[PDB]
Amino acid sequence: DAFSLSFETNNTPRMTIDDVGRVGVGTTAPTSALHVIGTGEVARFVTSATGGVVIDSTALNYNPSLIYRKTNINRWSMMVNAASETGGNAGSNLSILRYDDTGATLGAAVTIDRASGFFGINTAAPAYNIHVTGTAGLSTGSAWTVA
């Protein structure tokens, strides 16, 4: 059961609040606490100072995430991962996850260590400023340029 706000201009429901507390904008069947449907620019968050959007969790073992889906199937995500915060800025590292065609996790393409800033490619625990598990290709030669 749901509550809806409509306009006699189109008779179409514009906002819906169901009995479990979910709010739909453009849907009468929201599947999230806030569920918005649109065309192109769905949501716009404007800050008149430095800032913007915050994704937060209620506990250190709950991991905030931004998830990209197509037809509501996981494709990519950027998230703070589950590495334990044991002190000294350990844990809660940044990860870009890739998902298969059915939405199952394939792996972490990128993991940035919070304590060191080390950038890992296919490496969940990078041990150098850049750390690659696998192959490396450069179009202009075989060497780094000494910067």
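The numbering used is simple: start at 1 and walk along the sequence shown.
Look at the C-alpha B-factors of 129-137 and of 18-26. On average they run higher in 18-26. As listed in the deposited structure, the average C-alpha B-factor of 44-52 and of 97-105 is greater for 44-52. Ranked by Cα temperature factor within the chain, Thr31 sits in the highest third according to the deposited record. For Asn122, the recorded CA temperature factor ranks within the lowest third of the chain's modelled residues. In this PDB entry, the Cα temperature factor of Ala90 sits in the middle third of its chain's modelled residues. When the modelled residues of the chain are ordered by C-alpha B-factor, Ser142 sits in the lowest third. Split the chain's modelled residues into thirds by C-alpha temperature factor. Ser57 is in the middle one.
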